[PDB]
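Below is one structure, written out as structure tokens, with a few remarks after it.
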Amino acid sequence: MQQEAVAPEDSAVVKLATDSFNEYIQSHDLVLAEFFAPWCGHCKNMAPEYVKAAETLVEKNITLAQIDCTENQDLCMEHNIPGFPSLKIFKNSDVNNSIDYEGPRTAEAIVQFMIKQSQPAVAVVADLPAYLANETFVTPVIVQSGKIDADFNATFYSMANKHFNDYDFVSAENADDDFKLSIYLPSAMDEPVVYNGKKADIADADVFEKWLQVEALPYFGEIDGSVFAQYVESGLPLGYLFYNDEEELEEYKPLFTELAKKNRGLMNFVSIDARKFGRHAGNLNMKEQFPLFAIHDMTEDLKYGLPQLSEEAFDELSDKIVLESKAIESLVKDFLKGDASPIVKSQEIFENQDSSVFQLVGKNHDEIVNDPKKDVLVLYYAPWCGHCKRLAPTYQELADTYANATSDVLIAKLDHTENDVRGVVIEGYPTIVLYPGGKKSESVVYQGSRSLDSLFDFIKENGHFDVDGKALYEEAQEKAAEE
Ligand SMILES: [Ba+2]
């Protein structure tokens, strides 16, 4: 048959239900539970890999279970299941400590993650250099060492537990040395980042958290879903190097590792695989032309990057693209100074056609919307949007009402899907803002039905020129009656 989400009932996988779950978790110390619905295609896509991991994992006295939520709603509510599939790890035979699996749903990724969960949250050692030399680490290593006080120790363990799948935690206690808290980063293992001893402070878990959010990031690692939130959680701008092959990345690693060490505290730098993630470039409003270097200020949502080819030039490009070191270096220091121009996404300005409705792009938006001789209505839209299309004939008859009788009003539309705009970012579409004047507040976002009269009255009531479009509409109608 075609592949189903439920595992074959004779496999290593264990079927768990409302009345059997608790007894099962609390007699088994490490359990991966899949909360699924049979109608779910991603649940079907992963079943073969789930079974293949469950097999590989019997060996280790670690269970993989399945709960079908369409039959176990009580259970799915109790575990707060948001969607399918949901993979939860129950540890220590306790149905109240679970964590989410968020990694690749492949057999190999699932067995690796589950074996890790059997390992202690803290490595308790005396010989620390042996420990650090023996393992090739892929994540930062958080080490407490020296004379460790009880209060800090509790915080440390609590963090080891909370951050179990983010960092490795080591306790190298030595009552003859001064306390240290250190981070070892994978590229610079012979050179820890040591906390700056407000020691009473660092046993506060918030102080501890904030320190980690910034300091416990590779200087120049690879970004992806598993780790993106960590870069966002630092609170700091993100530099992206898009690369299209590992040999090409290897050319940029030394410069970006230096730039990263230099500006650690100020921004981050990540490598990002163009083959896997080229798409993301438009998200940074860059062209998909790699390698590329861009900076995203996430807090401000401004985007910056190094100039690229026009799409014409690029399509006649017989050469590898190179980013010059100096241009990269230049943009970084400019960005961090405040000198550096964000990139604004825009369609080509329209040659424009016989509509009274002005079609704006991100390029020409401000000039026109700002102009003090106005009252400017802008409809922000997407063509992916029924309601915006619904409105079209109303928006057109509103534009015609004014075009006929006055120049004191501009009625305009911008496709937000294809054009950045600043200061006016309501989530959905349609969104409508009225710009009355360059010595007038904008704070006139429209709420209401998009009815013609609501819109006429809006412009009338909140417009600098008090243009009474209703009256004016009534006029046209009588004059059309040859009157
Ligand atoms: Ba002791």
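By order of appearance in the structure tokens: chains A, B, ..., then residues from 1 within every chain, and ligands from 1 in the order shown.
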Using only C-alpha atoms and all ligand atoms, what does the table of chain A residues within 12 Å of ligand 1 look like, with each row giving the shortest atom pair and its distance in Å to one decimal, sorted by chain and ascending number, as a tab-separated table?
```
residue	atom	partner	partner_atom_place_in_ligand_line	distance
A:145	CA	ligand 1	1 (Ba)	11.3
A:146	CA	ligand 1	1 (Ba)	9.7
A:147	CA	ligand 1	1 (Ba)	7.7
A:148	CA	ligand 1	1 (Ba)	7.6
A:149	CA	ligand 1	1 (Ba)	8.5
A:150	CA	ligand 1	1 (Ba)	8.9
A:153	CA	ligand 1	1 (Ba)	10.5
A:171	CA	ligand 1	1 (Ba)	11.4
A:172	CA	ligand 1	1 (Ba)	10.8
A:173	CA	ligand 1	1 (Ba)	7.4
A:174	CA	ligand 1	1 (Ba)	7.9
A:175	CA	ligand 1	1 (Ba)	6.8
A:176	CA	ligand 1	1 (Ba)	10.6
```
Worksheet item: What lies within 12 Å of region 131-136 of chain A using only C-alpha atoms, ignoring chain neighbours under 6 positions off, as a list in words?
Response: residues 123, 124, 125, 142, 143, 168, 169, 170, 171, 172, 183, 184, 185, 186, 187, 188, 189, 190, 191 and 192 of chain A
Next, the residues of the selection above should be written as a CSV table (one decimal), in the first residue's frame with N, CA and C atoms.
```
chain,number,residue,atom,x,y,z
A,123,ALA,N,29.3,16.9,32.6
A,123,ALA,CA,30.5,16.0,32.7
A,123,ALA,C,31.3,16.5,33.9
A,124,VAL,N,31.4,15.6,34.9
A,124,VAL,CA,32.1,15.9,36.2
A,124,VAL,C,33.6,15.4,36.1
A,125,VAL,N,34.5,16.3,36.0
A,125,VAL,CA,35.9,15.9,35.7
A,125,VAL,C,36.9,16.5,36.6
A,142,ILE,N,30.5,24.8,28.2
A,142,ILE,CA,30.3,25.7,29.3
A,142,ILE,C,30.9,24.9,30.4
A,143,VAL,N,32.0,25.6,31.1
A,143,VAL,CA,32.7,25.0,32.1
A,143,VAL,C,32.7,25.8,33.4
A,168,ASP,N,27.5,21.8,25.6
A,168,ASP,CA,28.0,20.8,26.6
A,168,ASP,C,28.4,21.6,27.8
A,169,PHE,N,28.1,20.9,29.0
A,169,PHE,CA,28.4,21.5,30.3
A,169,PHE,C,29.4,20.7,31.1
A,170,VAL,N,30.4,21.3,31.7
A,170,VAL,CA,31.5,20.5,32.4
A,170,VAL,C,31.7,21.2,33.7
A,171,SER,N,31.9,20.4,34.7
A,171,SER,CA,32.2,20.9,36.1
A,171,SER,C,33.6,20.3,36.4
A,172,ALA,N,34.6,21.2,36.5
A,172,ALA,CA,36.0,20.8,36.8
A,172,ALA,C,36.3,21.5,38.1
A,183,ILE,N,33.4,29.7,28.5
A,183,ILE,CA,32.9,29.1,27.3
A,183,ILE,C,34.0,28.8,26.4
A,184,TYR,N,34.0,27.5,25.9
A,184,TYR,CA,35.0,27.1,24.9
A,184,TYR,C,34.3,27.0,23.6
A,185,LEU,N,34.8,27.8,22.6
A,185,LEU,CA,34.1,27.8,21.3
A,185,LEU,C,34.9,26.8,20.3
A,186,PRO,N,34.2,26.1,19.5
A,186,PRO,CA,34.8,25.0,18.8
A,186,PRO,C,36.0,25.3,17.9
A,187,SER,N,36.1,26.5,17.4
A,187,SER,CA,37.2,26.9,16.6
A,187,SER,C,38.3,27.4,17.4
A,188,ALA,N,38.1,27.7,18.7
A,188,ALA,CA,39.1,28.3,19.5
A,188,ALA,C,39.1,27.7,20.9
A,189,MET,N,39.3,26.4,20.9
A,189,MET,CA,39.2,25.5,22.0
A,189,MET,C,40.3,25.8,23.0
A,190,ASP,N,41.4,26.3,22.5
A,190,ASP,CA,42.6,26.6,23.4
A,190,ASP,C,42.5,28.0,24.0
A,191,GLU,N,41.3,28.6,23.9
A,191,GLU,CA,41.2,30.0,24.3
A,191,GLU,C,39.8,30.4,24.8
A,192,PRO,N,39.4,30.0,26.0
A,192,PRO,CA,38.1,30.3,26.5
A,192,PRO,C,37.7,31.7,26.6
```
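Excluding region 69-73 of chain A itself and same-chain residues fewer than 6 positions from it, the residues having an atom within 10 Å of it are residues 16, 17, 18, 19, 34, 35, 36, 37, 38, 39, 79, 81, 83, 84 and 85 of chain A, counting only C-alpha atoms.
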Take the residues that were just selected and, keeping N, CA and C atoms, output them as a CSV table (one decimal), in the first residue's frame.
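Okay, out26.csv is ready:
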```
chain,number,residue,atom,x,y,z
A,16,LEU,N,0.8,3.8,22.0
A,16,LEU,CA,0.5,4.3,23.3
A,16,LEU,C,-0.8,5.1,23.1
A,17,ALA,N,-1.7,5.0,24.2
A,17,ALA,CA,-3.0,5.6,24.1
A,17,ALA,C,-3.3,6.3,25.5
A,18,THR,N,-4.5,6.9,25.6
A,18,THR,CA,-4.8,7.7,26.7
A,18,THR,C,-4.6,6.8,28.0
A,19,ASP,N,-5.2,5.6,28.0
A,19,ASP,CA,-5.2,4.9,29.3
A,19,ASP,C,-3.9,4.1,29.6
A,34,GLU,N,5.9,10.1,19.4
A,34,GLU,CA,5.3,10.8,18.3
A,34,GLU,C,3.8,10.9,18.4
A,35,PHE,N,3.4,12.2,18.5
A,35,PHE,CA,1.9,12.5,18.5
A,35,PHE,C,1.6,12.9,17.1
A,36,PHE,N,0.7,12.0,16.5
A,36,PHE,CA,0.5,12.1,15.0
A,36,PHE,C,-1.1,12.0,14.8
A,37,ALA,N,-1.5,12.3,13.6
A,37,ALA,CA,-2.8,12.1,13.1
A,37,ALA,C,-2.7,11.3,11.7
A,38,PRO,N,-3.6,10.3,11.4
A,38,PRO,CA,-3.3,9.6,10.2
A,38,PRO,C,-3.4,10.4,8.9
A,39,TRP,N,-4.2,11.5,9.0
A,39,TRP,CA,-4.4,12.3,7.8
A,39,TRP,C,-3.2,13.2,7.4
A,79,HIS,N,-0.7,17.3,26.8
A,79,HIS,CA,0.7,17.6,26.3
A,79,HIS,C,0.8,18.8,25.4
A,81,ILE,N,-0.4,19.6,22.5
A,81,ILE,CA,0.2,19.3,21.1
A,81,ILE,C,-0.3,20.4,20.1
A,83,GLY,N,0.3,20.5,16.7
A,83,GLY,CA,0.3,20.1,15.4
A,83,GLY,C,1.0,18.8,15.2
A,84,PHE,N,1.0,18.3,14.0
A,84,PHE,CA,1.6,17.0,13.7
A,84,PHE,C,2.6,17.0,12.6
A,85,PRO,N,3.6,16.1,12.8
A,85,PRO,CA,3.8,15.3,13.9
A,85,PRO,C,4.5,16.1,15.1
```
Practice prompt. Go through region 107-233 of chain A and collect every residue that DSSP, computed from the backbone, puts in strand (DSSP E); the answer should be as an NGL selection string.
Written response: :A and (122-124 or 141-146 or 168-173 or 180-185 or 188-194)
Neighbours of residue 12 (chain A) within 12 Å (only C-alpha atoms; same-chain residues fewer than 2 positions away dropped), as a PDB file with C-alpha atoms, in the first residue's frame?
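What follows is the written file result.pdb:
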```
ATOM      1  CA  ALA A   7       4.056   2.204  12.124  1.00  0.00           C
ATOM      2  CA  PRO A   8       3.505  -1.473  11.424  1.00  0.00           C
ATOM      3  CA  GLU A   9       2.048  -2.968  14.552  1.00  0.00           C
ATOM      4  CA  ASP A  10       4.684  -5.784  14.725  1.00  0.00           C
ATOM      5  CA  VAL A  14       5.130   1.081  20.664  1.00  0.00           C
ATOM      6  CA  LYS A  15       1.522   2.144  20.397  1.00  0.00           C
ATOM      7  CA  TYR A  50      10.772   6.336  12.591  1.00  0.00           C
ATOM      8  CA  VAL A  51      10.547   2.582  12.355  1.00  0.00           C
ATOM      9  CA  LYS A  52      14.140   2.332  11.116  1.00  0.00           C
ATOM     10  CA  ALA A  53      15.293   4.472  14.112  1.00  0.00           C
ATOM     11  CA  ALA A  54      13.087   2.447  16.582  1.00  0.00           C
ATOM     12  CA  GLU A  55      14.752  -0.711  15.348  1.00  0.00           C
ATOM     13  CA  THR A  56      18.275   0.681  15.720  1.00  0.00           C
ATOM     14  CA  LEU A  57      17.436   1.789  19.236  1.00  0.00           C
ATOM     15  CA  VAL A  58      15.999  -1.305  20.961  1.00  0.00           C
ATOM     16  CA  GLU A  59      19.653  -2.190  21.554  1.00  0.00           C
ATOM     17  CA  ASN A  61      16.821   0.186  26.024  1.00  0.00           C
ATOM     18  CA  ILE A  62      15.309   3.381  24.515  1.00  0.00           C
ATOM     19  CA  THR A  63      11.676   3.388  23.369  1.00  0.00           C
ATOM     20  CA  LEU A  64       9.973   5.065  20.402  1.00  0.00           C
ATOM     21  CA  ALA A  65       6.171   5.359  20.809  1.00  0.00           C
ATOM     22  CA  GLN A  66       3.271   6.656  18.731  1.00  0.00           C
TER      23      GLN A  66
END
```
Item to complete: For residue 414 (chain A), please output as a list in words all residues within 7 Å (counting only C-alpha atoms; exclusion window: fewer than 6 positions along the same chain).
Response: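 In the requested format, the answer is residues 359, 360, 361, 379, 380 and 381 of chain A.
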Please, could you write that set of residues out with C-alpha atoms as a compact mmCIF listing (two decimals), in the first residue's frame?
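Printed below is selection.txt as written:
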```txt
# COMPACT_ATOMS: atom_id res chain seq x y z
CA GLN A 359 0.30 52.31 -8.85
CA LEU A 360 3.22 52.97 -6.40
CA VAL A 361 6.47 51.00 -5.93
CA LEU A 379 -4.02 50.81 -0.47
CA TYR A 380 -1.38 48.30 0.52
CA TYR A 381 -2.09 44.91 -1.02
```
Discussion item. Using only C-alpha atoms, which protein or nucleic acid residues come within 6 Å of region 303-315 of chain A? Drop anything in the same chain fewer than 4 positions from it, and give the result as a PyMOL selection string.
Written reply: chain A and resi 284+293-296+342-343
Worksheet item: Running DSSP on the backbone, which parts of region 206-246 of chain A land in helix (DSSP H, G or I), as a VMD selection string?
Response: chain A and resid 206 to 215 225 to 233 246
Practice prompt. Determine, counting only C-alpha atoms, which protein, DNA and RNA residues have an atom within 6 Å of an atom of residue 271 (chain A); residues of the same chain fewer than 5 positions away are not included. Present the result as a PyMOL selection string.
Written response: chain A and resi 222+240-241
Worksheet item: Which residue gives the smallest distance to residue 422 (chain A) among A:180, A:287, A:373, A:365, with only C-alpha atoms counted?
Response: A:365
Discussion item. Just to confirm, what's the straight-line distance from CA of residue 269 (chain A) to CA of residue 339 (chain A) in Å (one decimal)?
Written reply: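 Distance between the two atoms: 19.0 Å.
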Fill in: Between CA of residue 470 (chain A) and CA of residue 438 (chain A) - distance in Å to one decimal
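CA of residue 438 (chain A) sits 25.0 Å away from CA of residue 470 (chain A).
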Practice prompt. For each of A:472, A:377, A:40, A:205, take the minimum atom-to-atom distance to residue 446 (chain A), counting only C-alpha atoms, then give the residue where this is smallest.
Written response: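 Ranking A:472, A:377, A:40, A:205 by distance to residue 446 (chain A), first place goes to A:377.
Distance check against residue 275 (chain A) using only C-alpha atoms: of A:289, A:443, A:155, A:318, the minimum falls on A:289.
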Response to the item:
CA of residue 247 (chain A) to CA of residue 232 (chain A) measures 27.5 Å
